[PDB]
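Following: one structure in structure tokens, then a few remarks.
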Amino acid sequence: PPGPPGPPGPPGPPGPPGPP
Amino acid sequence: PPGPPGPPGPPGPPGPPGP
Amino acid sequence: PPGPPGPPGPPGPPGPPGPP
């Protein structure tokens with residue numbers, strides 16, 4: 001049989017700047 | 001063998017308003 | 001055979017504060 005799933009991916013980048 | 005890591009997460013949410 | 005890729009990473013952190 002196939003091996004198991006790999007681990008989770010890394011966290012995404014920061015979100016965008018807030019508004020003024 | 002185990003598979004590769006999954007993909008990057010999405011961007012986070014917006015920062016807060018400025019001063 | 002190799003397992004499949006893992007699941008997605010989590011969201012990134014919040015963006016920075018907006019300008020004045």
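All residue names refer to the structure tokens as shown: chains lettered A, B, ... in order, residues numbered from 1 in each chain, ligands numbered from 1 in order.
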Pick out the residues sitting within 7 Å of residue C:7, and hand them over as a PyMOL selection string; count only C-alpha atoms, and ignore anything fewer than 5 positions along from it in its own chain.
(chain A and resi 8-9) or (chain B and resi 6-7)
Kindly export the residues of the current selection with N, CA and C atoms, as a CSV table (one decimal), in the first residue's frame.
```csv
chain,number,residue,atom,x,y,z
A,8,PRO,N,1.5,18.7,7.5
A,8,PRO,CA,0.9,20.0,7.0
A,8,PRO,C,1.9,20.9,6.4
A,9,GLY,N,1.4,21.7,5.5
A,9,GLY,CA,2.3,22.8,4.9
A,9,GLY,C,2.6,23.8,6.0
B,6,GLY,N,2.4,19.4,2.8
B,6,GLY,CA,1.3,20.1,2.1
B,6,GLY,C,1.7,21.5,1.7
B,7,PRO,N,0.8,22.2,1.0
B,7,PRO,CA,1.1,23.5,0.5
B,7,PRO,C,1.0,24.6,1.6
```
Polymer residues at most 6 Å from residue B:3, only C-alpha atoms, same-chain spacing of 5 or more positions, as a PyMOL selection string
(chain A and resi 5-6) or (chain C and resi 2-5)
For the residues selected in the previous step, produce a file with N, CA and C atoms as a PDB file, in the first residue's frame.
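Generated file (result-v8.pdb):
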```pdb
ATOM      1  N   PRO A   5      -0.153  10.255   4.332  1.00  0.00           N
ATOM      2  CA  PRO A   5      -0.009  11.627   3.911  1.00  0.00           C
ATOM      3  C   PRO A   5       1.227  12.228   4.582  1.00  0.00           C
ATOM      4  N   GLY A   6       1.805  13.188   3.883  1.00  0.00           N
ATOM      5  CA  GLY A   6       2.824  14.044   4.493  1.00  0.00           C
ATOM      6  C   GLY A   6       2.260  15.006   5.545  1.00  0.00           C
TER       7      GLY A   6
ATOM      8  N   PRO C   2       4.985   6.282  -2.546  1.00  0.00           N
ATOM      9  CA  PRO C   2       4.946   7.405  -1.610  1.00  0.00           C
ATOM     10  C   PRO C   2       3.509   7.816  -1.304  1.00  0.00           C
ATOM     11  N   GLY C   3       3.302   8.292  -0.072  1.00  0.00           N
ATOM     12  CA  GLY C   3       2.012   8.870   0.300  1.00  0.00           C
ATOM     13  C   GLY C   3       1.760  10.174  -0.447  1.00  0.00           C
ATOM     14  N   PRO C   4       0.533  10.695  -0.340  1.00  0.00           N
ATOM     15  CA  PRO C   4       0.206  11.977  -0.979  1.00  0.00           C
ATOM     16  C   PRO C   4       0.737  13.127  -0.146  1.00  0.00           C
ATOM     17  N   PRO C   5       0.760  14.301  -0.764  1.00  0.00           N
ATOM     18  CA  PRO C   5       1.093  15.505  -0.005  1.00  0.00           C
ATOM     19  C   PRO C   5       0.160  15.685   1.194  1.00  0.00           C
TER      20      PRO C   5
END
```
Residues within 9 Å of stretch 13-17 of chain C, please, as an mmCIF file with N, CA, C and O atoms, in the first residue's frame. Count only C-alpha atoms; anything in the same chain fewer than 2 positions from it doesn't count.
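Output contents, as saved in result.cif:
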```
data_model
loop_
_atom_site.group_PDB
_atom_site.id
_atom_site.type_symbol
_atom_site.label_atom_id
_atom_site.label_comp_id
_atom_site.auth_asym_id
_atom_site.auth_seq_id
_atom_site.Cartn_x
_atom_site.Cartn_y
_atom_site.Cartn_z
ATOM 1 N N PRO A 11 2.808 27.724 7.562
ATOM 2 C CA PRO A 11 1.889 28.882 7.679
ATOM 3 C C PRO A 11 2.011 29.822 6.471
ATOM 4 O O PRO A 11 3.120 29.976 5.949
ATOM 5 N N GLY A 12 0.902 30.474 6.101
ATOM 6 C CA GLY A 12 0.965 31.460 5.052
ATOM 7 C C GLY A 12 1.630 32.739 5.493
ATOM 8 O O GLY A 12 2.058 32.935 6.631
ATOM 9 N N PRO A 13 1.781 33.622 4.520
ATOM 10 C CA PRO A 13 2.391 34.943 4.792
ATOM 11 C C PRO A 13 1.460 35.811 5.629
ATOM 12 O O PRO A 13 0.265 35.563 5.801
ATOM 13 N N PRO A 14 2.004 36.896 6.152
ATOM 14 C CA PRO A 14 1.179 37.879 6.857
ATOM 15 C C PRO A 14 0.072 38.417 5.952
ATOM 16 O O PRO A 14 0.200 38.434 4.732
ATOM 17 N N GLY A 15 -1.006 38.860 6.570
ATOM 18 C CA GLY A 15 -2.079 39.535 5.849
ATOM 19 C C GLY A 15 -1.664 40.953 5.451
ATOM 20 O O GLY A 15 -0.577 41.422 5.722
ATOM 21 N N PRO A 16 -2.577 41.646 4.776
ATOM 22 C CA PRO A 16 -2.274 42.987 4.270
ATOM 23 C C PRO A 16 -2.339 44.059 5.344
ATOM 24 O O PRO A 16 -2.915 43.839 6.410
ATOM 25 N N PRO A 17 -1.815 45.235 5.039
ATOM 26 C CA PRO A 17 -1.850 46.326 6.008
ATOM 27 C C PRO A 17 -3.288 46.681 6.331
ATOM 28 O O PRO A 17 -4.167 46.635 5.461
ATOM 29 N N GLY A 18 -3.520 47.123 7.557
ATOM 30 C CA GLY A 18 -4.776 47.744 7.929
ATOM 31 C C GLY A 18 -4.996 49.026 7.158
ATOM 32 O O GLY A 18 -4.130 49.588 6.488
ATOM 33 N N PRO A 19 -6.214 49.543 7.291
ATOM 34 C CA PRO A 19 -6.557 50.820 6.663
ATOM 35 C C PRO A 19 -6.028 51.976 7.495
ATOM 36 O O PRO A 19 -5.620 51.779 8.642
ATOM 37 N N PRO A 20 -6.001 53.167 6.910
ATOM 38 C CA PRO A 20 -5.612 54.378 7.655
ATOM 39 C C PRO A 20 -6.461 54.658 8.899
ATOM 40 O O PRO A 20 -7.667 54.448 8.933
ATOM 41 N N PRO B 11 -2.640 33.785 3.029
ATOM 42 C CA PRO B 11 -2.296 34.982 3.780
ATOM 43 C C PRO B 11 -3.229 35.175 4.965
ATOM 44 O O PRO B 11 -4.384 34.787 4.922
ATOM 45 N N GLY B 12 -2.678 35.767 6.009
ATOM 46 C CA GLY B 12 -3.477 36.125 7.183
ATOM 47 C C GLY B 12 -4.453 37.239 6.893
ATOM 48 O O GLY B 12 -4.528 37.774 5.779
ATOM 49 N N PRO B 13 -5.225 37.581 7.898
ATOM 50 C CA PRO B 13 -6.229 38.646 7.758
ATOM 51 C C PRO B 13 -5.568 40.027 7.831
ATOM 52 O O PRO B 13 -4.400 40.173 8.183
ATOM 53 N N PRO B 14 -6.330 41.061 7.499
ATOM 54 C CA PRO B 14 -5.785 42.435 7.551
ATOM 55 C C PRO B 14 -5.348 42.834 8.927
ATOM 56 O O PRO B 14 -5.902 42.394 9.942
ATOM 57 N N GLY B 15 -4.327 43.702 9.005
ATOM 58 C CA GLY B 15 -4.025 44.409 10.226
ATOM 59 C C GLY B 15 -5.140 45.384 10.613
ATOM 60 O O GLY B 15 -6.083 45.628 9.873
ATOM 61 N N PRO B 16 -4.991 45.908 11.815
ATOM 62 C CA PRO B 16 -5.995 46.852 12.338
ATOM 63 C C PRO B 16 -5.788 48.248 11.785
ATOM 64 O O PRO B 16 -4.794 48.566 11.140
ATOM 65 N N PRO B 17 -6.803 49.074 12.008
ATOM 66 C CA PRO B 17 -6.650 50.460 11.580
ATOM 67 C C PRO B 17 -5.445 51.091 12.272
ATOM 68 O O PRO B 17 -5.038 50.713 13.375
ATOM 69 N N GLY B 18 -4.902 52.086 11.571
ATOM 70 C CA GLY B 18 -3.777 52.884 12.037
ATOM 71 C C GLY B 18 -4.241 53.854 13.114
ATOM 72 O O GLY B 18 -5.430 53.949 13.422
ATOM 73 N N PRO B 19 -3.299 54.584 13.692
ATOM 74 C CA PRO B 19 -3.675 55.668 14.625
ATOM 75 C C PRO B 19 -4.224 56.893 13.901
ATOM 76 O O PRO B 19 -4.582 56.889 12.730
ATOM 77 N N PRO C 11 -3.488 29.669 8.145
ATOM 78 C CA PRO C 11 -3.343 31.095 7.762
ATOM 79 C C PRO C 11 -2.099 31.708 8.403
ATOM 80 O O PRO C 11 -1.740 31.333 9.518
ATOM 81 N N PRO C 19 -1.618 53.091 8.314
ATOM 82 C CA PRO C 19 -0.976 54.373 8.572
ATOM 83 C C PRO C 19 -1.896 55.268 9.387
ATOM 84 O O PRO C 19 -3.072 54.934 9.535
ATOM 85 N N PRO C 20 -1.339 56.353 9.914
ATOM 86 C CA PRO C 20 -2.116 57.278 10.751
ATOM 87 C C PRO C 20 -3.480 57.630 10.162
ATOM 88 O O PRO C 20 -4.407 56.799 10.169
#
```
